[PDB]
Structure formats: structure tokens, C-alpha cells
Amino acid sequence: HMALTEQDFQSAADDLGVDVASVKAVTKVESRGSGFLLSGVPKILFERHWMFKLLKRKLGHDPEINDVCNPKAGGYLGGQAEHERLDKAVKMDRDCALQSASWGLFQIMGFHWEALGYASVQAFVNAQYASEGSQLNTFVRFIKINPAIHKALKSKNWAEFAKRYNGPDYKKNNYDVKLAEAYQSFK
């Protein structure tokens, strides 16, 4: 499958108005490294508590509870088996299921499709299948629609970036220091 090129990094850097070293640093620290499984489908993690929340909102009442639709988070099988979980959830409701997986290099939740400017959940999904460059573009859009994160990236304020991107427990995995060290390694 089409993996990340120097041009993918340069295009992303240009679109975000940051240096290439910043994009490589955030990719090294925040990505899954590869955006695709051996089978050629995008890497996903299926989030059954998002499936429960989104299908509840759609139906106006609680859906059936099972291993892929449950207010209790977890129950991961990992790797290719997450596609089997997605398939079971699609057979409950396709749009809720696709929105309840995290996709590609940066593990972006499908429920962000509309905010990210995709025409539909399906267009978001097609962008995950297209290439690693397309998945990096999903990440670019995510930064653009989050100006405070965008500004932290531009200013190389790794702690502010990690607090907003990784959340309040970012320091548990030292995300700020990993970003700073990665940046120095590429600069």
C-alpha cells in the first residue's frame, strides 16, 4: 500500500504552515507507524461505547447490548479482528459502526467526519482506504479544525500540544518530552 513519502510530509507541513520536522515529530510520537494491516485494510480500533452512544442517539432509546455495542468501554480483540468487530457493528447500523472506529495512522474517530469536512461518513472511510498520505491529510484537517492545537504546534509548545491532543494525562506517557526529542532528531 502507498506509505508516507517525503512529499506527503512536505505537503502536510505546507498545509499546516509548520516545518517538516514538526510533522515528522508528531507522526513519530502520535501515529501507529503504519496506517494499514497486512490484509491491506486500514488499521482500526472499534470503540463499543461510542457504538452504544451513537446508536442510542439515532434510535432515541438504548440499542441491544453485545460485545460491539456496550456502554462499558473495552473488549478489544486487536489487529485484523477489529475489522470483524466493525463488521458485526455494521450489521446493527453501518453509519454508527463506521463512526465508532478510530482509523488510520493517527487513530481518528470516524464521528469526526463532518467536522473534518468530508461529504459523508463513507467519504471519510474511503480517505482511510486511499493511502497513508490521505490518512495524514485526515490528521491535517483535525489540526486545522482545532486552532488552539494548531497554534501550539506552530509555536513548538509541545506541552500545550500534548495536553490538548493527548489530554490531561499526557504526562503519564511523557508525550511532551517525546515530541521535543523527536523534533530535535528531525531538525
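In this text, residue numbers run from 1 along the sequence as written.
- 165-173 and 17-25 differ in mean CA B-factor, and the higher of the two is recorded for 165-173.
- As listed in the deposited structure, the average C-alpha B-factor of 141-149 and of 66-74 is greater for 66-74.
- Split the chain's modelled residues into thirds by C-alpha temperature factor. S120 is in the middle one.
- When all modelled residues of the chain are sorted by CA temperature factor, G35 is found within the middle third.
- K43: CA B factor in the lowest third of modelled residues in this chain (values from the PDB entry).
- When the CA B factors of the chain's modelled residues are split into thirds, the value for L136 lands in the lowest one.
- Annotation for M51: CA B-factor lies in the lowest third of the chain's modelled residues.
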